[PDB]
Structures are given as structure tokens and as C-alpha cells.
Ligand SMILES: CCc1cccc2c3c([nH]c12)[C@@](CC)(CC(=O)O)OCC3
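Next comes just one chain, in C-alpha cells: the form solved without this ligand.
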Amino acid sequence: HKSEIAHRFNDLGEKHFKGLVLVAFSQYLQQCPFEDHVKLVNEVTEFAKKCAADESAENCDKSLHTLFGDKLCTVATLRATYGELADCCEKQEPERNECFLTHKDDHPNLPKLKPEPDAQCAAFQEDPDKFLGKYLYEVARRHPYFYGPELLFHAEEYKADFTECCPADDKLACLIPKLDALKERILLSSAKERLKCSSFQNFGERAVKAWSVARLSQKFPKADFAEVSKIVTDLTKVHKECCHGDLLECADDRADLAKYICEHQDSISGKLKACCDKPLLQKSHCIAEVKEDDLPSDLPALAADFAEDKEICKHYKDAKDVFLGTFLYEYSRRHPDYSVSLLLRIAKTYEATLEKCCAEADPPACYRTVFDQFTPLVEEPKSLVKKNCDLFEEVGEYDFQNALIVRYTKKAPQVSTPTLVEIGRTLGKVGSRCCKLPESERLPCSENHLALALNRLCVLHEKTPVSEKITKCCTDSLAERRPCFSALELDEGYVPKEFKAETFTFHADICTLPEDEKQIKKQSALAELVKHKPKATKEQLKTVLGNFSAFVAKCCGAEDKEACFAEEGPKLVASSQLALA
């Protein structure tokens, strides 16, 4: 094509093209106010219309990267608001784009977008096109690596809720349930795509490929290997592009894959019929979130082709990567009950056994029992999940969260308290999600979502590194990541953090906070007790936090609140010292 911007405008249409460009600009520039990005989006779209009518007109032949990066660099207040981001404009492509990507903020710390139902409907009434457009902007800047086409879909969910619910009598009780369910979908989606970009950045395509091969084979067991290879190749490209900012190519390539999957749906999966007669946004999303199809009845034991076939060392020698992919395809489709990282763990073992056995004198007799090395690999995650789920059921979410905060704080006491509270809190929600499921679904829920939380920690750690052992767990191997964090224990040579009274001094401003923030304030205190007294047992810690809870409720009920906090605070501090000894 002469003009790639023409090609994408034609392919995507004005509305989607607009929506993506707004998401792009809000991810690279997370602070500048709404109306500013609206102007930029408008100018790009105007220019895109100039190029589709005349593919030959000036600047239309330039690359999407050149055009987008040039646009960012002509923003007034770029240096004033974004500081070092302006230094990226001195670089030429492709180093200019890498520079912008590395300055995206994963913890921008913006005001929590609370659902104010009466206040929102009035904004929805006054300016609806701005209301849909502002949702995209607010979610984009909060989540900079969020899958662009994915955000459009969820933005369409947001206006469908508000149009429906606003004119009813009970405006709030129609909305708050629907919006709080949307929030949890955004958090999960952001987490999933962030792991994809993290994977490219620290491991490359080959690791992303194995991950997708394994997941898609579970998703589509009836699909043949050539079909799975095709989708994987196509999908890996979509993610590289979305992860790299190529937001228009991302969306375009995604649509082509959806069309493809739907045109080959009998060959791929019976669960796709519902998806495949929907409008294109909804069709893409449905395919991405489709359930795992039924396991076909006619599958032969893996043993014949992978332990028993005598010519495997020749097979392995001729096409190493293609042959292990076959193994991974065949193993993953039979085991929808296994987590993805576990499947990669197993496949790594298979690869490594073939290297030692084919080097040895007699391979067929050696590798005949390679499947026996997987038995311990499966029992290990099964044990972890059982133990956490029995704990979660025994004690409830809040306490389970606190247990994890104590656990992870002991593992890595150099990590910041906000980060430790975030991980413990998130992992407790995972317990609510996964422990209630059947065992066929419980292991993979637990370990797949645990991988998301550990990636979040790793991403914050790459930003502001504090611990070598965390760095090793985050950089060494994606498959072995969860095992690596599990193997962390408190160091014998960790020096208890110095006591600061202010750190355990509460005030009456806690009383006017919402419960979630009230808890965070209390859970932060928990982490700080551990950092200060790392050899205190979980049972000593639970008792002292209980006394802090009683102190906070007592004084928040009192008529003179700040005088209560003043009298009772110091007493509780000094007795807690003796309690934690």
C-alpha cells in the first residue's frame, strides 16, 4: 500500500480509528487533560481522511510510527508535564519508539474512578460522546499496556449500562452492580495483557509462542496442530504490535484473525458458534474469552509417540522446535486441568530428558520412562493450592489476605509496603475466585491468576529494584517463576527494620475513609510489624493486629475522636512490642 494510514482508516472505520488513536495518546501521555488529547485525535483523523482520499498527498506515505511519534513531539507542555519523555524526541526511529515505551508509568497513582451514579448520569446527559470518550481516556492512562481493541469493547459495555440504567427510578442499584463487575473485568484484562508484554520484553517471541501453543491447545483440543500453529503465529503478531504501540496494525490484524477463526470454526471448536455471528468488536472479544471445548473421544495415549517410538532422537534432531511444539500441543490439549506454566514446566523437562538420553548409549530404554518425571511436577502445585484453599475456607478473605501479607513480607522485606499490601490483597481475591470452583478448574485458576499477581510485583520491581533474589525470580524463567517465589524464605542475615513510632500511630482521619482504604491502612501496619519483628509468629501478629483493629473502632466511635487516638495510641504501641518479642 502507498499510504499505511489510508489502509488502516479504510479497514477500521472512523469511529474505531478515532477510539484507538485516543487510547494510544492516553497511554503514552497519561497526565495531560482530556480535551487536549481530543484535539490531537481530531487532527490525526482529519489527516487520515486526507490520505484515504489521496493516498499520494504529502506525509501520507510515512510510517505509522513516524507519524505518531512526530505528533507526540509537537505537543506544547511535553517537557513541562513529562520531563525526560521530551528527551526521546531527539532520537530517530526505531529508538524513539522504544524510548517512549520505556517511559510508560505502570503505577501512575491517579484518583480512584469511583462510580458516582447521580453525578455520572448528569455528565452522561450533558455530553454523551464525551462520556464514552472519557471512559477510554481514564482507563487508558491508568493502564498503559491495555489491549486497545479490548478497551473499545468494554467502553461499549459502559455506555450500554448507563443508557439502560439512568432513566430508572433506582438509578444506583441498576448501575453499581454492573459497574463493579466491569471494574473486575478491566483489572483482569489489564493484568493478562501486561503479562504478554512483560513476556516479550524479558523472554522474547519463542516464550510467548510456547505459552500460546499451550493455552490454545487447551482451548481448542479438536483443532489440529497446523491450525493451532497458524492461530498462534497470527496471534503472537497481534500482541507484539499491541505491546509495541502499533495500535492500528494490532486492531486490523485482530479482525483478520477473528474472520479466519470464524471461517474455520468447525475445524477449530463447537463453542465458537455463539461468537461467530456477532458484530466485529463483540466477535473478537467472544473468541478471546471462549470456554474450553470438549475433549475429543478418539485421542491415543501420548506414550506411543513420545516414550515408545524408537526413532525420537532422529525425530528430535531433524526439527527440534517443531517436534517439541508437537509434544506441547498433544500434552496441553489432554490436560485442560493443568495451569499453563505447569505445561511449560513439563515440556521443558521433556526437552532436557531427550538431550541427556540421546547423548547416552541407549536412548529408547532411557527415555521410555520420561513420563515418570512429570508425576512430582504435578503434585507440587496441587499441594500448594489445596493448602491455600483450606486456609481461605478456614479463615475468610480478609484474614487470608493478611496471612499472605505476612508470608510475602517475610520472603521479601525490602519490597515497599504499598506493593506488599497490593499483592497480598490481590492474591486473597484469587482465593475467592478459585477455591469455590471444581478441581478440574481450581488448579489452573489458582496458578494462572497467581502468575498475573507475580508479574505485577515483577513490573514494579523492574521500575524500582530492591532485592537480588526478586530480580532472579523475575528475569530467569517465566515457567519457573511461581516455583522461584515459593522457594523464597526470610534471610538469616536480614536486619530488622528500625522502629519508628509515627509508622504505627493512627489518627482520626482514618474514620472518614472508605472500608477498603481503612483496611489498607491496617494491612500496611501489619507489613510494617513484620519488617520490624520478622521472627514473630503469624499467631503473635494476628493478635496484635486484632488489638489495633479494636483500637481503631473504639476511637472512631468516641465523641472526642482525636483525644482517644492521643491517649490510647502509645499504650498499644509499647504493649505490642512486648507481644511480638
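Don't overthink the numbering: it's just position in the shown sequence, from 1. Here, rigid core means the biggest group of C-alpha atoms that superpose within 1.5 Å across both forms.
498 to 506 and 252 to 260 differ in mean CA B-factor, and the higher of the two is recorded for 498 to 506. 296 to 304 and 447 to 455 differ in mean CA B-factor, and the higher of the two is recorded for 296 to 304. Looking only at 139, 195, 173, 385, the residue with the top Cα B factor in the deposited structure is 173. Among 556, 29, 529, 60, the highest C-alpha B-factor recorded in the PDB entry belongs to 60.
Sorting the modelled residues of the chain by their CA temperature factor places residue 50 in the highest third. Among all modelled residues in this chain, the alpha-carbon of residue 545 has a temperature factor (C-alpha) in the lowest third. Ranked within its chain, residue 221 lands in the middle third, by CA B factor from the PDB record. Annotation for residue 338: C-alpha temperature factor in the lowest third relative to the rest of the modelled chain, per the entry. Sorting the modelled residues of the chain by their CA temperature factor places residue 518 in the middle third.
FYI, the form solved in complex with this ligand isn't displayed, but the following is about it.
Checked against this ligand in the deposited bound form, the candidates 307, 86, 113, 123 yield a single residue with a heavy atom inside 4.5 Å, and that residue is 113. With the partner omitted here, the residue from 437, 510, 207, 358 that has a non-hydrogen atom within 4.5 angstroms of this ligand in the deposited bound form is 207. From the list 207 to 215, 76 to 84, 495 to 503, 368 to 376, the contact stretch for this ligand in the deposited bound form under a 4.5 Å heavy atom rule is 207 to 215. Residue 95 falls outside the set of residues with a heavy atom inside 4.5 Å of this ligand in the deposited bound form. Using a 4.5 Å cutoff between non-hydrogen atoms, residue 468 does not count as a contact of this ligand in the deposited bound form. When this ligand is considered in the deposited bound form, residue 331 lies well away from it, no heavy atom lying within 4.5 Å.
The closest non-hydrogen atom of residue 138 lies within 4.5 Å of this ligand in the deposited bound form. Annotation for 7 to 26: no interface residues with this ligand in the deposited bound form [heavy atom within 4.5 Å]. Taking the core as reference between the shown form and the other one, the lone member of 437, 484, 490, 510 whose Cα moves by 2 Å or more is 510. Once the cores line up, the CA of residue 170 ends up 2 angstroms or more apart between the shown form and the other one. After superposition on the rigid core, the Cα of residue 555 moves by 2 Å or more between the shown form and the other one.
Residue 14 is not among the residues whose C-alpha shifts by 2 Å or more between the shown form and the other one once the rigid core is aligned; its shift stays under 2 Å.
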